[PDB]
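Step one of this worksheet: look at the structure below.
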Amino acid sequence: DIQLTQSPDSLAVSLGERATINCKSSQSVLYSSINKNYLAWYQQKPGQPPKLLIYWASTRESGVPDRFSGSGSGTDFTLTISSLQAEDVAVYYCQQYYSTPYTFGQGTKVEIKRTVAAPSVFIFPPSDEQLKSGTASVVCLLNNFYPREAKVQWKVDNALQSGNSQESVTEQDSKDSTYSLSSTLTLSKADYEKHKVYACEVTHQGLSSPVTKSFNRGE
Amino acid sequence: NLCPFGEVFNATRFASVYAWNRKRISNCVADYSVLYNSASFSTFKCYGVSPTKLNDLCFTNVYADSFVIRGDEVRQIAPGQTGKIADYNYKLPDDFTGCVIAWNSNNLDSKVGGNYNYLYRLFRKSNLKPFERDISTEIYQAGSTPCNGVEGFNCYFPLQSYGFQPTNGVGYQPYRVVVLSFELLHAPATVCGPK
Amino acid sequence: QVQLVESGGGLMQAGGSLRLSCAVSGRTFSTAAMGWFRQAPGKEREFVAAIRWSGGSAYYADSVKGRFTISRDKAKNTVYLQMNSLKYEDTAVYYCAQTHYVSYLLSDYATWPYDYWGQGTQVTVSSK
Amino acid sequence: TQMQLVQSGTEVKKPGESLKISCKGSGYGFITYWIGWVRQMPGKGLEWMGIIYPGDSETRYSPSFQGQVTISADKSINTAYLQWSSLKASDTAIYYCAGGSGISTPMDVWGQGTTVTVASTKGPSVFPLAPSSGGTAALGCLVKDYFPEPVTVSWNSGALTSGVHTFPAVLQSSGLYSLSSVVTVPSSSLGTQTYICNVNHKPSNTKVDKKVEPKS
């Protein structure tokens with residue numbers, strides 16, 4: 001049984017630059033019949049089927065742009081995208097077909113590298129309709145920033161709180177190459193009315209000092 | 001300079017499986033689509049190569065191996081199979097790269113009261129090497145006494161007739177088989193798709 | 001198709017020897033085995049001897065075993081029946097037969113219905 | 001095109017039920033093709049399940065799925081099947097059928113995939129995130145406590161595509177999904193034009209429209 005591991009796991013490269021992706025296999029995938037390596041390269045965008053780009057390690061598939069190029073022999077292979085573009089941002093899987101069972105790599109994300117952009121932070125106190133469910137959610141939103149790397153801490157009543165917050169990040173905007181994050185703190189209505197000041201503190205590489213955005217309960 | 005695959009698949013005469021026929025294909029354009037878009041074949045198994053991509057691939061030599069066997073034995077024409085055909089008549093290597101194409105030939109190769117012209121090797125001391133062709137007719141020692149070219153109890157003729165009749169169960173009807181092997185050496189690649 | 005023409009029949013004394021031939025013409029490449037049969041007047045046609053064309057391995061009915069020899073020259077496409085120690089009970093018309101059927105078991109040519117048949121050659125064995 | 005594969009509709013099943021999804025090959029030359037099944041769970045990789053040659057239904061399973069699924073094929077309708085006997089919660093994922101005209105061949109044809117989800121459905125509760133003051137302000141909808149995905153949200157039915165971010169749902173400890181949908185508009189327009197989010201959750205067939213606006 002062959003196993004494939006790609007390096008790196010994730011990858012950010014600016015427009016116009018080159019990304020390369022390693023894929024090393026447990027055992028060699030060379031047919032001797034025809035001096036060809038049995039390894040291939042798949043691109044998958046969110047909400048799309050995998051697309052074949054490269055087969056026989058190095059042969060391009062129909063309707064695949066020139067800049068995509070596969071190489072390697074034996075155990076180590078690479079897929080190099082010269083001149084990265086907008087519409088290249090996706091996950092890249094290597095796959096062998098030397099033998100069944102067929103096996104894939106873990107996959108590799110590629111995204112656009114960009115000048116740092118500080119997030120614009122806003123805080124939403126809980127709905128008044130939501131407070132009739134018996135539940136209260138405070139959400140903090142970091143809007144149009146790069147990189148994604150960013151720490152958001154909740155401070156309910158000037159006390160740091162842990163692990164009753166959850167985050168979600170948009171995939172990179174196609175046009176400004178930015179992310180947006182939402183840190184959502186949930187607690188019950190009962191616990192909600194035990195505290196008065198709710199604050200959201202953001203440290204990001206684009207901010208010289210942590211930006212806090214707070215509110216007092218029902219003001 | 002079209003490849004004479006017509007000569008191979010549409011042939012009037014097919015070889016006995018034990019004495020299987022090999023055509024070496026070179027110096028021609030191969031339109032593979034004429035095979036795979038055909039409705040005529042019942043088995044079309046390809047190992048290590050895809051018929052749809054051959055149309056823009058060049059090879060140094062393509063080998064067409066043709067013979068008759070019964071339906072039940074078509075599944076033995078595969079790498080890593082065992083049985084009479086695989087072991088004693090025609091042997092694919094484990095790492096085979098090529099296509100296994102077969103069709104029911106009951107309309108041609110059966111006749112009422114049986115067609116017995118088609119043979120196979122029933123006995124042999126040892127398995128065939130891959131793509132070996134054995135046309136020996138030495139008497140086979142099945143018991144503990146040496147035969148020295150005389151048939152007897154436990155001393156048999158190594159070959160036997162298939163019995164092809166039109167009423168036969170599909171398992172026992174005649175199938176024509178072609179095996180395509182692909183060769184890519186450091187020499188002029190003379191066997192090319194139309195593109 | 002093949003044509004079978006036998007020769008060598010005639011009058012012979014009991015204890016003597018006599019050799020029949022069968023010459024094969026036409027699609028001779030097909031020959032897997034040849035057989036000799038005989039028919040005594042008004043009695044059943046009876047299997048005598050068979051020879052596999054390859055190797056020349058022979059099978060005989062018990063009635064002639066130890067007396068008769070079947071042999072063949074491949075180049076000449078001719079099979080022979082050597083009838084040694086001729087007996088009164090050998091008096092009959094002798095027929096050669098040809099099949100392109102290959103069985104691994106030589107004894108099956110004793111029961112197999114063959115493909116083509118000769119015209120028959122009369123052997124008459126004289127007393128004592 | 002030589003060959004395209006079409007897959008069965010998306011399936012809303014509950015633990016213990018069985019399921020047999022399909023993948024029908026459309027084209028001449030189907031006899032050459034081997035159909036493969038690939039499993040990809042939300043956020044995770046591709047997992048190769050098995051492959052079948054419908055010619056004689058020769059199938060191979062990956063050790064990860066031998067005895068846990070069965071792969072049939074009906075050659076007479078160019079269809080391959082992936083069947084369970086009892087769906088586990090484990091089994092919620094998208095399933096791709098993938099074709100290559102051979103064994104040891106790249107899979108050059110991929111169906112749209114079929115998403116199977118193994119749990120009871122619940123409609124989303126929609127809560128507004130009203131703005132406050134300045135330059136240009138943000139506002140949004142909280143779509144909370146629902147199963148399963150997706151939920152869609154548009155703003156004034158699509159009269160607002162400018163400055164919209166709908167967040168990837170995060171499954172809570174609740175075992176229900178939640179996400180926020182926000183949009184940024186000039187502080188000018190907050191008191192002139194009204195902004196209404198239109199949320200569709202098709203698995204519970206509930207479509208909710210909450211208007212957002214500032215309160216005292």
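In the structure tokens, the first chain shown is A, the next is B, and so on; residue numbers restart at 1 for each chain, and ligands run from 1 in the order shown.
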Tell me, which residues of range 29-185 of chain A carry DSSP strand (DSSP E), written as a ChimeraX atom specification?
-> /A:30-31,36-37,39-44,51-55,59-60,68-73,76-81,90-96,103-104,108-112,120-124,135-145,150-156,160-161,165-169,179-185
Up to 8 Å from chain A, what residues of chain B turn up? Count only C-alpha atoms and give them as a PyMOL selection string.
-> chain B and resi 48+95-97+182-185
Would you save the residues from that selection as a CSV table (one decimal), in the first residue's frame, using N, CA and C atoms?
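Result file follows (result37.csv):
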```csv
chain,number,residue,atom,x,y,z
B,48,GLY,N,-3.1,0.1,-17.1
B,48,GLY,CA,-2.0,1.0,-17.2
B,48,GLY,C,-2.0,2.0,-18.3
B,95,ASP,N,2.4,-6.5,-14.3
B,95,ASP,CA,2.5,-5.1,-14.5
B,95,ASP,C,2.1,-4.7,-15.9
B,96,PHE,N,1.3,-5.6,-16.6
B,96,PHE,CA,0.8,-5.5,-17.9
B,96,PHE,C,0.3,-4.1,-18.1
B,97,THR,N,0.7,-3.5,-19.3
B,97,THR,CA,0.1,-2.3,-19.8
B,97,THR,C,-0.5,-2.5,-21.2
B,182,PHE,N,1.7,-2.2,-25.3
B,182,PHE,CA,2.3,-1.0,-25.7
B,182,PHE,C,3.8,-0.9,-25.2
B,183,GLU,N,4.6,-0.5,-26.2
B,183,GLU,CA,6.1,-0.6,-26.0
B,183,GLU,C,6.6,0.8,-26.4
B,184,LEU,N,7.4,1.4,-25.5
B,184,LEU,CA,8.0,2.8,-25.7
B,184,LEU,C,9.5,2.8,-25.4
B,185,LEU,N,10.3,2.5,-26.4
B,185,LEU,CA,11.7,2.4,-26.3
B,185,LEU,C,12.4,3.7,-26.8
```
Show me, as a Markdown table, the residues of chain D having an atom within 6 Å of chain A, each with the closest atom pair and its distance in Å, using only C-alpha atoms.
```
| residue | atom | partner | partner_atom | distance |
| --- | --- | --- | --- | --- |
| D:62 | CA | A:101 | CA | 5.3 |
| D:104 | CA | A:97 | CA | 4.6 |
| D:105 | CA | A:97 | CA | 5.9 |
| D:127 | CA | A:127 | CA | 5.9 |
| D:129 | CA | A:124 | CA | 5.9 |
| D:167 | CA | A:170 | CA | 5.7 |
| D:168 | CA | A:168 | CA | 5.8 |
```
Please write the residues from the selection above to a file, keeping N, CA, C and O atoms, as an mmCIF file, in the first residue's frame.
```cif
data_model
loop_
_atom_site.group_PDB
_atom_site.id
_atom_site.type_symbol
_atom_site.label_atom_id
_atom_site.label_comp_id
_atom_site.auth_asym_id
_atom_site.auth_seq_id
_atom_site.Cartn_x
_atom_site.Cartn_y
_atom_site.Cartn_z
ATOM 1 N N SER D 62 -10.985 -0.106 -1.095
ATOM 2 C CA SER D 62 -9.898 0.327 -0.201
ATOM 3 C C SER D 62 -10.148 -0.309 1.154
ATOM 4 O O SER D 62 -11.280 -0.314 1.631
ATOM 5 N N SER D 104 -5.523 1.595 -13.268
ATOM 6 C CA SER D 104 -4.233 2.336 -13.271
ATOM 7 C C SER D 104 -4.312 3.446 -14.333
ATOM 8 O O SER D 104 -3.438 3.530 -15.245
ATOM 9 N N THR D 105 -5.362 4.253 -14.250
ATOM 10 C CA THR D 105 -5.607 5.363 -15.194
ATOM 11 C C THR D 105 -5.980 6.565 -14.340
ATOM 12 O O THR D 105 -6.588 6.414 -13.290
ATOM 13 N N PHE D 127 -32.153 36.336 13.648
ATOM 14 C CA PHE D 127 -32.053 37.467 14.600
ATOM 15 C C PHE D 127 -31.272 38.595 13.938
ATOM 16 O O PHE D 127 -30.216 38.382 13.346
ATOM 17 N N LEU D 129 -28.886 41.949 13.498
ATOM 18 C CA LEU D 129 -27.747 42.707 14.071
ATOM 19 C C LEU D 129 -27.880 44.146 13.570
ATOM 20 O O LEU D 129 -27.432 44.425 12.450
ATOM 21 N N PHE D 167 -20.988 34.492 6.541
ATOM 22 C CA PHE D 167 -19.887 33.709 7.145
ATOM 23 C C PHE D 167 -20.135 32.224 6.973
ATOM 24 O O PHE D 167 -21.281 31.812 6.999
ATOM 25 N N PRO D 168 -19.066 31.412 6.787
ATOM 26 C CA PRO D 168 -19.124 29.961 6.887
ATOM 27 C C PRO D 168 -19.665 29.530 8.232
ATOM 28 O O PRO D 168 -19.129 29.986 9.203
#
```
Which one of C:25, C:63, C:103, C:85 sits closest to residue 5 in chain C if you count only C-alpha atoms?
->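 For residue 5 in chain C, the nearest of the candidates is C:25.
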Chain B residues near chain D (9 Å cut-off, only C-alpha atoms) as an NGL selection string = :B and (33 or 35-39 or 41-52 or 75 or 99)
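Within range 16-89 of chain B, the backbone-based DSSP assignment of helix (DSSP H, G or I) covers residues 17, 18, 19, 33, 34, 35, 36, 54, 55, 56, 71, 72, 73, 74, 75, 76, 84, 85, 86, 87 and 88 of chain B.
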Mind dumping the selected residues with N, CA, C and O atoms as a PDB file, in the first residue's frame?
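Contents of the output file out10.pdb:
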```
ATOM      1  N   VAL B  17      -5.583 -20.971 -28.767  1.00  0.00           N
ATOM      2  CA  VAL B  17      -5.028 -20.129 -27.669  1.00  0.00           C
ATOM      3  C   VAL B  17      -3.614 -20.599 -27.305  1.00  0.00           C
ATOM      4  O   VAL B  17      -2.798 -19.758 -26.996  1.00  0.00           O
ATOM      5  N   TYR B  18      -3.332 -21.894 -27.349  1.00  0.00           N
ATOM      6  CA  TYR B  18      -2.011 -22.480 -26.991  1.00  0.00           C
ATOM      7  C   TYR B  18      -0.950 -21.958 -27.982  1.00  0.00           C
ATOM      8  O   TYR B  18       0.234 -21.805 -27.620  1.00  0.00           O
ATOM      9  N   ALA B  19      -1.338 -21.725 -29.227  1.00  0.00           N
ATOM     10  CA  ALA B  19      -0.395 -21.352 -30.297  1.00  0.00           C
ATOM     11  C   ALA B  19      -0.787 -19.981 -30.808  1.00  0.00           C
ATOM     12  O   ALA B  19      -0.890 -19.839 -32.054  1.00  0.00           O
ATOM     13  N   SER B  33     -10.298   5.037 -31.484  1.00  0.00           N
ATOM     14  CA  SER B  33     -11.741   5.308 -31.266  1.00  0.00           C
ATOM     15  C   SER B  33     -12.582   4.260 -31.989  1.00  0.00           C
ATOM     16  O   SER B  33     -13.715   4.002 -31.516  1.00  0.00           O
ATOM     17  N   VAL B  34     -12.067   3.699 -33.090  1.00  0.00           N
ATOM     18  CA  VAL B  34     -12.867   2.778 -33.947  1.00  0.00           C
ATOM     19  C   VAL B  34     -13.118   1.510 -33.147  1.00  0.00           C
ATOM     20  O   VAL B  34     -14.157   0.889 -33.387  1.00  0.00           O
ATOM     21  N   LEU B  35     -12.230   1.177 -32.208  1.00  0.00           N
ATOM     22  CA  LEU B  35     -12.448   0.041 -31.275  1.00  0.00           C
ATOM     23  C   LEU B  35     -13.433   0.431 -30.178  1.00  0.00           C
ATOM     24  O   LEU B  35     -14.416  -0.297 -30.038  1.00  0.00           O
ATOM     25  N   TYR B  36     -13.124   1.469 -29.385  1.00  0.00           N
ATOM     26  CA  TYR B  36     -13.775   1.735 -28.072  1.00  0.00           C
ATOM     27  C   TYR B  36     -15.163   2.338 -28.337  1.00  0.00           C
ATOM     28  O   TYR B  36     -15.996   2.210 -27.460  1.00  0.00           O
ATOM     29  N   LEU B  54      -4.900   7.463 -26.138  1.00  0.00           N
ATOM     30  CA  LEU B  54      -3.952   6.830 -27.091  1.00  0.00           C
ATOM     31  C   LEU B  54      -3.969   7.615 -28.396  1.00  0.00           C
ATOM     32  O   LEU B  54      -2.948   7.585 -29.093  1.00  0.00           O
ATOM     33  N   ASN B  55      -5.085   8.284 -28.683  1.00  0.00           N
ATOM     34  CA  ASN B  55      -5.335   9.008 -29.957  1.00  0.00           C
ATOM     35  C   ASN B  55      -4.313  10.130 -30.169  1.00  0.00           C
ATOM     36  O   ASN B  55      -4.216  10.605 -31.321  1.00  0.00           O
ATOM     37  N   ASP B  56      -3.623  10.583 -29.116  1.00  0.00           N
ATOM     38  CA  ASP B  56      -2.496  11.547 -29.249  1.00  0.00           C
ATOM     39  C   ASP B  56      -1.307  11.039 -28.427  1.00  0.00           C
ATOM     40  O   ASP B  56      -0.672  11.851 -27.721  1.00  0.00           O
ATOM     41  N   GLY B  71     -16.223 -18.510 -23.181  1.00  0.00           N
ATOM     42  CA  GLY B  71     -16.643 -17.318 -22.427  1.00  0.00           C
ATOM     43  C   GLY B  71     -16.091 -17.322 -21.013  1.00  0.00           C
ATOM     44  O   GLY B  71     -15.603 -16.275 -20.571  1.00  0.00           O
ATOM     45  N   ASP B  72     -16.159 -18.467 -20.332  1.00  0.00           N
ATOM     46  CA  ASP B  72     -15.878 -18.613 -18.877  1.00  0.00           C
ATOM     47  C   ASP B  72     -14.429 -18.252 -18.580  1.00  0.00           C
ATOM     48  O   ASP B  72     -14.127 -17.980 -17.398  1.00  0.00           O
ATOM     49  N   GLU B  73     -13.576 -18.315 -19.603  1.00  0.00           N
ATOM     50  CA  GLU B  73     -12.101 -18.222 -19.473  1.00  0.00           C
ATOM     51  C   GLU B  73     -11.604 -16.824 -19.850  1.00  0.00           C
ATOM     52  O   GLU B  73     -10.396 -16.547 -19.657  1.00  0.00           O
ATOM     53  N   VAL B  74     -12.482 -15.988 -20.401  1.00  0.00           N
ATOM     54  CA  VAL B  74     -12.125 -14.594 -20.749  1.00  0.00           C
ATOM     55  C   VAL B  74     -11.585 -13.945 -19.469  1.00  0.00           C
ATOM     56  O   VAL B  74     -10.582 -13.230 -19.562  1.00  0.00           O
ATOM     57  N   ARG B  75     -12.148 -14.246 -18.299  1.00  0.00           N
ATOM     58  CA  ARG B  75     -11.712 -13.558 -17.059  1.00  0.00           C
ATOM     59  C   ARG B  75     -10.299 -13.998 -16.641  1.00  0.00           C
ATOM     60  O   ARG B  75      -9.675 -13.280 -15.838  1.00  0.00           O
ATOM     61  N   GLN B  76      -9.764 -15.074 -17.211  1.00  0.00           N
ATOM     62  CA  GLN B  76      -8.367 -15.524 -16.944  1.00  0.00           C
ATOM     63  C   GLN B  76      -7.332 -14.749 -17.772  1.00  0.00           C
ATOM     64  O   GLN B  76      -6.150 -14.896 -17.433  1.00  0.00           O
ATOM     65  N   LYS B  84      -6.249 -22.802 -16.355  1.00  0.00           N
ATOM     66  CA  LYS B  84      -5.631 -23.526 -17.506  1.00  0.00           C
ATOM     67  C   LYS B  84      -5.077 -22.514 -18.514  1.00  0.00           C
ATOM     68  O   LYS B  84      -3.932 -22.705 -18.989  1.00  0.00           O
ATOM     69  N   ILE B  85      -5.851 -21.476 -18.822  1.00  0.00           N
ATOM     70  CA  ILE B  85      -5.510 -20.540 -19.925  1.00  0.00           C
ATOM     71  C   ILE B  85      -4.349 -19.681 -19.452  1.00  0.00           C
ATOM     72  O   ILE B  85      -3.305 -19.713 -20.122  1.00  0.00           O
ATOM     73  N   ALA B  86      -4.527 -19.001 -18.316  1.00  0.00           N
ATOM     74  CA  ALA B  86      -3.502 -18.153 -17.663  1.00  0.00           C
ATOM     75  C   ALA B  86      -2.196 -18.940 -17.472  1.00  0.00           C
ATOM     76  O   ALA B  86      -1.127 -18.413 -17.835  1.00  0.00           O
ATOM     77  N   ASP B  87      -2.274 -20.155 -16.925  1.00  0.00           N
ATOM     78  CA  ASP B  87      -1.079 -20.904 -16.444  1.00  0.00           C
ATOM     79  C   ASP B  87      -0.372 -21.616 -17.607  1.00  0.00           C
ATOM     80  O   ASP B  87       0.874 -21.620 -17.588  1.00  0.00           O
ATOM     81  N   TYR B  88      -1.116 -22.196 -18.565  1.00  0.00           N
ATOM     82  CA  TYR B  88      -0.568 -23.168 -19.554  1.00  0.00           C
ATOM     83  C   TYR B  88      -0.698 -22.685 -21.013  1.00  0.00           C
ATOM     84  O   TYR B  88      -0.113 -23.356 -21.875  1.00  0.00           O
TER      85      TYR B  88
END
```
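Going from CA of residue 152 in chain B over to CA of residue 50 in chain C, you cover 13.2 Å.
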